[PDB]
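A.B. asks: First the structure, then my questions, so here it is.
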Amino acid sequence: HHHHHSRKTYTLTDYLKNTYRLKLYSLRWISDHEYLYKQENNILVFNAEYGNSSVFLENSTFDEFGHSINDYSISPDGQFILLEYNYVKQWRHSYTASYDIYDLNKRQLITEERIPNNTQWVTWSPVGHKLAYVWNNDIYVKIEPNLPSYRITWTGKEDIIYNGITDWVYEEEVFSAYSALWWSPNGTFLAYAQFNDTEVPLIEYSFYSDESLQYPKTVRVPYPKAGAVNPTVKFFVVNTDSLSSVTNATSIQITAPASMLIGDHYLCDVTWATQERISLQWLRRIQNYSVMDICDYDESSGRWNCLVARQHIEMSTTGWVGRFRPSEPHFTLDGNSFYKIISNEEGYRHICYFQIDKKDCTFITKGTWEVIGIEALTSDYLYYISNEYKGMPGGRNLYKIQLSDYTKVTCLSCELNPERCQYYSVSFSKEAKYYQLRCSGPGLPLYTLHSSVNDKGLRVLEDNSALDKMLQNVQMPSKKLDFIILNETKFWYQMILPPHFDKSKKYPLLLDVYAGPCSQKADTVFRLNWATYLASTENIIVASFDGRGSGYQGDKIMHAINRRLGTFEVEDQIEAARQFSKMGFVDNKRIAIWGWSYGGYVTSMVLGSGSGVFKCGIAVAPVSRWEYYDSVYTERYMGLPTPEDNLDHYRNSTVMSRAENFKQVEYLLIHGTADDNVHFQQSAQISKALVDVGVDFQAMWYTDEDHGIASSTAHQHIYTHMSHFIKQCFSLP
Amino acid sequence: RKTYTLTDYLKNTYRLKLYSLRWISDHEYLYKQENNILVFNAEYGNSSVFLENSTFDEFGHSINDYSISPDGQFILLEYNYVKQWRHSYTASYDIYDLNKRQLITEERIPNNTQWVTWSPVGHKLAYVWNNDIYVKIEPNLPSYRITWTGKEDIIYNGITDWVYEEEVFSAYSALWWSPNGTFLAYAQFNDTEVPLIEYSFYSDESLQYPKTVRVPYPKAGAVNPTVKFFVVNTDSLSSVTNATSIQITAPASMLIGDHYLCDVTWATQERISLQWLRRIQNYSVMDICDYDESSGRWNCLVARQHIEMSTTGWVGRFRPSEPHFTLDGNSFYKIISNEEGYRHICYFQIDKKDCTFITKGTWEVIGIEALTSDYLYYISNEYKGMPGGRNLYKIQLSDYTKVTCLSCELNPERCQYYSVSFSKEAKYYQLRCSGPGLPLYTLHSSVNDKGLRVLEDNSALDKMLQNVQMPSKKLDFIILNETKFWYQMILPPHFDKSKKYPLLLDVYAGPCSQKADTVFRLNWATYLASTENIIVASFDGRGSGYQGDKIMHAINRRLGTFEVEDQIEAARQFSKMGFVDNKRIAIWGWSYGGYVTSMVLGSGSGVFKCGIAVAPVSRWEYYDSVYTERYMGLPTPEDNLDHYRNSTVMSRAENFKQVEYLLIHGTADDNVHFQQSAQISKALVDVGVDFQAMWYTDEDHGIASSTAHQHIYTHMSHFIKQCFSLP
Ligand SMILES: *[C@@H]1O[C@H](CO)[C@@H](O[C@@H]2O[C@H](CO)[C@@H](O)[C@H](O)[C@H]2NC(C)=O)[C@H](O)[C@H]1NC(C)=O
Ligand SMILES: Cn1c(=O)cc(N2CCC[C@@H](N)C2)n(Cc2ccccc2C#N)c1=O
Ligand SMILES: Cn1c(=O)cc(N2CCC[C@@H](N)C2)n(Cc2ccccc2C#N)c1=O
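Heads up: the protein sequence lines correspond to chains B and A, in order.
If you count the first sequence from 1, position 17 lands on 50 in the deposited numbering, and the numbers rise without skipping.
If you count the second sequence from 1, position 313 lands on 352 in the deposited numbering, and the numbers rise without skipping.
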């Protein structure tokens, strides 16, 4: 006699075997009215207005191909499909692959002049079917799919010269992409960055590979640690229409402004404005100063000209520029002005409207909230995501502002489903006539289609009802999203609360931490994760706290840890736990902390703080000292580890110096051996320091795993392993 | 009423006193009385301060070690010691003139010297620096450069490369002076095509970017170093012309393929013996090479080659034994296995193939220790048929049936494990008894074999151990298939056989291993037995040594089979003993023992709850050629590839679901590469096995840093205690 009461919990196996699956609705806009979607491996084309679909491309087309196709890409004109196979992952975004081109009209594979194996990047022009690809660090262009390539660059050299692709740090920390190729709107010009790593030092580490490898391999990666010599960058633009088979291509260099060339600098943004106008943003190595160049194409010269009167300066007195880099501009059609997120006089990030020839911009939004991103720009409206609604920094809604009247702002997503939907992102059609809304929480994910004409809902794309159905009799956790006042400042936290939560009880608590610069761990997003299992099955509250340094709440909070990582952010996680225990439903004796990456650093710094608050903790791929980590991320917040700059705090903020204090806690330290991002080195130095003061701890290396510890088997193993560690620390049987 | 704690073991609360002497002549030896160096008269037992503590107060450096020249005119002082591999290191050197009481300051031994050796008589000095050999006739005079080919990681003159150091000579030096020092013989190793093991070295926290260590290291079936052998006449060295080094080429039977130089032994002033081993180590040849005056060359008569081979295994225990030549060098004695497969002393004439065995029986000679004109002195395990006992015997050369046990009856209850140190001409010997009681060091005179005196009786420790509840040791055998197999147990204090104790099986089980013996040890096992009331057992199964080839060769070509099964069976036999908790049996080992532990835990026997593998081999292709191939042959389709593939711990990953595993490894292990454990962990992850792990940053095979040593044992103790439900 169960009486249909929910007696199921969300278990670890549920998480690891993916029993309860979030359905997505992933589309690709090809026009201003149609999109593509995979139904049952068939590519269906969808008419956005009527909802009717036809099979665009059947799954039973490339079976004869003889290869497993990883992905595809259709040319803007709908005439060719790029088939991506032999995918081999490199870093977070980089990979190599083989490519074939299928003629969608002739219905045949192109067999002449095929894109080579081991291609590093491939991209169609934004219109028609021109191809640019990078192979062996050089850029090639095909005007037609079956025609010989034109080689654009002749200088590419493995690990040294990168043409059209980023090196390690630029991929990870600047562009969040491997691509460094930018086609102009109508595909006339192909702009590209060239990176130079000649004197960048190499991180070297063992890769053991399949057990059949007799001798381990040494992987060597140009990787600049804090203060080390950085890659240099050049920028070019080539006219693809004046290419020739008898003469080499002329790439016109756009040099960085003089303000940048006087020291180490970065290219931090490339954005085409018009057919013949490009904007470049450059960044000083000390990342409080950036210059946007705006460069026009001179017809008679065939060259590019950045008038110093169109240079725009963005700088910060309180910190670095932008959230992680200076924001991207959104140009009006004539390219004579643009909209950009910058922080205002109060430190809040808002949309500023700039004329191309004017220093002072006007802010079109304002308030004690922040604009997250500019999503679309038409001649009448600008569409943007912000956390204004209900003054919740961890919410996200789409708004549109009338360009001719800034007092006329409408929220497009706010009232659609207020209880289920408080975290939206958006996908606009080619000229913003339609948009897909994607709501991520706090309810189950919800994908809907809309016409921007009168903002009416067209249809529900995915409502996750099959999962809703599965979860009916599961004892699921809830989320509490709220704030505490500390030094008259709101600080947000979330708690994943076990089912049938009772404030009379004392629960064990796991502090799930990131706490890196511009991090946000308290939000309205619905997640099915390890925290879900721990609350649902193990009755642990999993809490996260956004303290000083956290993002989306202004620079006063964000810039608070400037030049000072390993301080207030660490301090606020500890204080959070004090506050959490003070709420009366937390077991003071069973409070734990864990994090990955920056969160691993904070976990390690907290556990070594001597606070006495935390019983135990798990650091996964943590930073241990800032000199070990990459220059662009680290120097953004820390400056240079030189005696003239910030070496003292580089030295004061290592986890190693806190080793003695680990005698008070139970510690699990986890690192993948092939971690190219935070090097295994970092945890190897933690372990050695812990051994040297005689502190016992738990450790787990993951052979050949990288920063993600993302292999199917390793993912399952680490979470199983951490689960045992937490259950044991909490005396859970 | 106190027990022997982990801290006791870790902090060496209870020391075993040694009596380390180094003989200086046929009746004098040096002893390091703490700060001082004393010369002791072996005759009278009296001492004078040979070298004071504050003599080198003004030195300004920390002296690692000293070394007196044979004639006693000069002392070599060693400092700036930097360990390399197990035997190899670098050091700075000064020579101190004992006749004058001052440091030599001209033509000094360079910094970063790889090896130094005095000639056997007088004060000539040979040394190796930047892989080349230099000789100093006088300590203050310019050194003569012998070799000009030395090159880091590539050409090694007078020093060994990684594999020869670890697996062949158990030493860094490859320099051999003739008895009166006229000739300097040396080997030359060439690692040109030997592939490099590469691993990360993290170093001090201040190192921004890790270093890649790269070491020429042949894994099983890879390209080996090649070896050449040379002899130089140090008496006719010129300061004008280059030294002429006369090559002795390996025999024709060795030059046919890959081979090793495995032994160098001078017979006389002008006769050197060389032993060479084929890469397939079941065939070796001794060369007897004579100096020719009219030639200036060395001649090795083919009719003087002595072959030593094996049909059931490899040659020697770990390598063919060394010959002990008579004074004229026309005959020699060496240990070889007889027709029953037992290792015994055979007497050879230089010019004939047949030798005569001078010892016989179902026990083995461990080593020849000295030969005089009238007696041959050897150590063996004949006494009471105990392969784990060790005694010194003398065989009357004029009559082989006249064998006297010199140590058997000295203190039969306290002392069953002897080693010995004879004086220059064997006039005296020091006996070292390692157990079963507290170690006892005694001086004797060989003319009448009487005891001169007790040197160190370890009474200071005895008085301390009075207060502690100390564990006992049982050494005994079980019968498996009509064969004795020996085991030892470290039993908790006040052992009650009506009580059930958790058991930990301490394993080595490598070929020629012996873990059951009469030696007194203060170790981790001592603490586990004394404080934790855990029985710690070791078992010598098939593959184990000192019991003949039938047992030792049992695992030939078949590593990870019979010696794995025998540890399992031993544990089954220990459970049938009635005082063992069959719910709490664990297994652990280091190196080969890590391999066997892992193999046992992945066997699916169900016998073991848990275990710890420290720096284990995981598959034989990852380990060095010399050791691995000795037993496994080559990992090729036409040799032993199939068993190489069959004998991995990775292939057993699925069975680790039944046990609790701790896998431990130093990241800078040049010997058993971290790779080996990294492959185990990956295989366990791939089948969804949860286990426990620990890397030791920058630690090598020994995991021997004071702090790492303490951390590993503390970590293992918590693991065993948790496995055993011990609070
Ligand atoms: C061995 O090493 C030490 C240190 O490198 C040498 O001593 C130094 O010699 C240099 C010569 O350039 C002087 O500048 C220093 O005054 C010396 N410093 C120390 C620490 O003593 C030494 O000379 C080297 N060679 C030998 C054979 O002694
Ligand atoms: C938890 N988390 C994340 O989820 C994502 C992060 N980032 C933020 C910066 C851009 C990328 N490198 C990803 N970071 C920043 C970071 C700090 C220190 C060491 C490693 C990383 C990384 N990847 C991060 O900490
Ligand atoms: C326990 N133990 C020892 O105590 C000594 C060992 N040896 C025996 C052979 C000569 C040296 N390499 C030392 N070996 C052999 C060995 C087998 C497999 C992997 C590593 C080693 C090592 N050092 C050994 O296992």
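Don't be surprised by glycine CBs; every beta carbon is placed ideally from N, CA and C.
Mark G643 of chain A as exposed unless 16 or more other C-beta atoms lie within 10 angstroms of its C-beta, in which case mark it buried.
C.D. replies: exposed
A.B. asks: Using the Cβ count rule (16 or more neighbours within 10 Å means buried), how would you classify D501 of chain A?
C.D. replies: exposed
A.B. asks: Specify the secondary structure class of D708 of chain B as computed by DSSP and reduced to three states.
C.D. replies: The answer is coil: DSSP assigns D708 of chain B none of H, G, I, E or B.
A.B. asks: Is any heavy atom in ligand 2 found nearer than 6 Å to the beta carbon of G632 of chain B?
C.D. replies: yes
A.B. asks: Out of curiosity, what's the CA-to-CA distance linking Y105 of chain A and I143 of chain A?
C.D. replies: If I take the Cα positions, the gap works out to 15 Å.
A.B. asks: Helix or strand or just coil, what does DSSP make of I346 of chain A?
C.D. replies: strand
A.B. asks: By a C-beta neighbour count over all protein chains shown, 10 Å radius and 16 as the cutoff for buried, is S664 of chain A buried or exposed?
C.D. replies: Buried, by the Cβ-count rule.
A.B. asks: Per the DSSP calculation, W187 of chain A is bridged to which residue(s)?
C.D. replies: Per DSSP, none; premise fails for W187 of chain A.
A.B. asks: Beta-carbon distances below 7 Å to any heavy atom of ligand 1 define the shell here; list its residues in chain order, please.
C.D. replies: A:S131, A:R147, A:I148, A:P149, A:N150
A.B. asks: I'd like to know if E571 of chain B contacts chain A, where contact means its C-beta is closer than 7 Å to some C-beta of that chain.
C.D. replies: Contact with chain A is absent for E571 of chain B, since none of that chain's Cβ atoms lies less than 7 Å from the residue's Cβ.
A.B. asks: Opposite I742 of chain A in the DSSP bridges: which residues?
C.D. replies: Under the DSSP definition of a beta bridge, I742 of chain A lacks any partner.
A.B. asks: Which residue's Cα is closest to the Cα of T188 of chain A: A:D171, A:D708, A:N179?
C.D. replies: A:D171
A.B. asks: Report the partner residues of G406 of chain A according to the DSSP bridge assignment.
C.D. replies: A:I418
A.B. asks: Measuring CB atoms only, is the segment 593 to 607 of chain A touching the segment 560 to 569 of chain A, in the sense that at least three cross pairs come out at less than 8 Å?
C.D. replies: no
A.B. asks: Considering Cα atoms alone, identify which of B:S245, B:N281, B:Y456, B:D438 is closest to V558 of chain B.
C.D. replies: Taking each of B:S245, B:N281, B:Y456, B:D438 in turn and checking the Cα distance to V558 of chain B, the smallest one comes out for B:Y456.
A.B. asks: Measure from the C-beta of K721 of chain A to each C-beta in chain B and report whether the shortest distance is under 7 Å.
C.D. replies: yes
A.B. asks: Could you tell me whether any Cβ in chain B is nearer than 7 Å to the Cβ of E660 of chain A?
C.D. replies: True, the Cβ-Cβ gap to chain B drops below 7 Å.
A.B. asks: Roughly how many angstroms lie between the CA atoms of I759 of chain B and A625 of chain B, to the nearest whole one?
C.D. replies: 8 Å
A.B. asks: Taking the C-alpha atoms as reference points, what is the distance between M293 of chain A and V724 of chain B?
C.D. replies: One C-alpha to the other measures close to 49 Å.
A.B. asks: Residues in the segment 372 to 396 of chain A with C-beta within 9 Å of chain B's C-beta atoms, listed in sequence order?
C.D. replies: With the criterion set as a beta carbon lying under 9 Å from some beta carbon of chain B, the segment 372 to 396 of chain A has no members that meet it.
A.B. asks: For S462 of chain B, which residues in the same chain have their Cβ closer than 8 Å to its Cβ, ignoring the five residues on either side in sequence?
C.D. replies: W62, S64, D65, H66, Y68, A81, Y468
A.B. asks: Tell me whether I295 of chain B is buried or exposed, calling it buried when 16 or more other Cβ atoms sit within 10 Å of its Cβ.
C.D. replies: Residue environment analysis places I295 of chain B among the exposed positions, since fewer than 16 neighbouring C-beta atoms fall within 10 angstroms of its C-beta.
A.B. asks: Got a sec: which bits of the segment 228 to 251 of chain A sit with their beta carbon under 7 Å from any beta carbon on chain B, in order along the chain?
C.D. replies: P234, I236, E237, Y238, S239, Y241, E244, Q247, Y248, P249, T251
A.B. asks: Count Cβ pairs between the segment 153 to 164 of chain B and the segment 99 to 114 of chain B that sit closer than 8 Å; are there 3 or more?
C.D. replies: yes
A.B. asks: Assuming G641 of chain B contacts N694 of chain B (C-beta within less than 8 Å), just tell me the rounded distance between them.
C.D. replies: Between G641 of chain B and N694 of chain B the beta-carbon gap is near 4 Å, inside 8 Å, which marks them as a contact.
A.B. asks: Under a Cβ-count criterion, where at least 16 other Cβ atoms within 10 Å of its own Cβ denotes burial, should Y683 of chain B be classed as buried or exposed?
C.D. replies: buried
A.B. asks: Hey, is the segment 728 to 743 of chain B in contact with the segment 743 to 758 of chain A, meaning 3+ C-beta pairs nearer than 8 Å?
C.D. replies: yes
A.B. asks: Excluding the 5 residues preceding and the 5 following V279 of chain A in the sequence, name in chain order all residues of the same chain whose CB lies nearer than 7 Å to its CB.
C.D. replies: none
A.B. asks: Does the beta carbon of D200 of chain A come closer than 7 Å to any beta carbon on chain B?
C.D. replies: no
A.B. asks: Please confirm whether any heavy atom of ligand 3 lies closer than 6 Å to the CB of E205 of chain A.
C.D. replies: For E205 of chain A, the shortest C-beta to heavy atom distance toward ligand 3 is below 6 Å.
A.B. asks: Within the 7 Å Cβ cut-off, does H740 of chain B reach chain A?
C.D. replies: no
A.B. asks: Mapping DSSP to helix, strand and coil, what is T129 of chain A?
C.D. replies: DSSP, read as helix, strand or coil, puts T129 of chain A in strand.
A.B. asks: Would you give the residue range spanned by the alpha helix (DSSP H) that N685 of chain B belongs to?
C.D. replies: Here the alpha helix (DSSP H) through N685 of chain B covers 680 to 685.
A.B. asks: For a cutoff of 7 Å on Cβ pairs, would you count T746 of chain B as touching chain A?
C.D. replies: yes
A.B. asks: Among the candidates B:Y248, B:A306, B:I311, whose CA atom is the shortest distance from the CA of residue 784 of chain B?
C.D. replies: Here chain B comprises residues numbered 34 to 766, so residue 784 of chain B is not present and cannot be evaluated.
A.B. asks: Please go through the same chain and pick out, in chain order, the residues whose beta-carbon is closer than 7 Å to the beta-carbon of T44 of chain A, but skip the five residues on each side of it.
C.D. replies: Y566, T570
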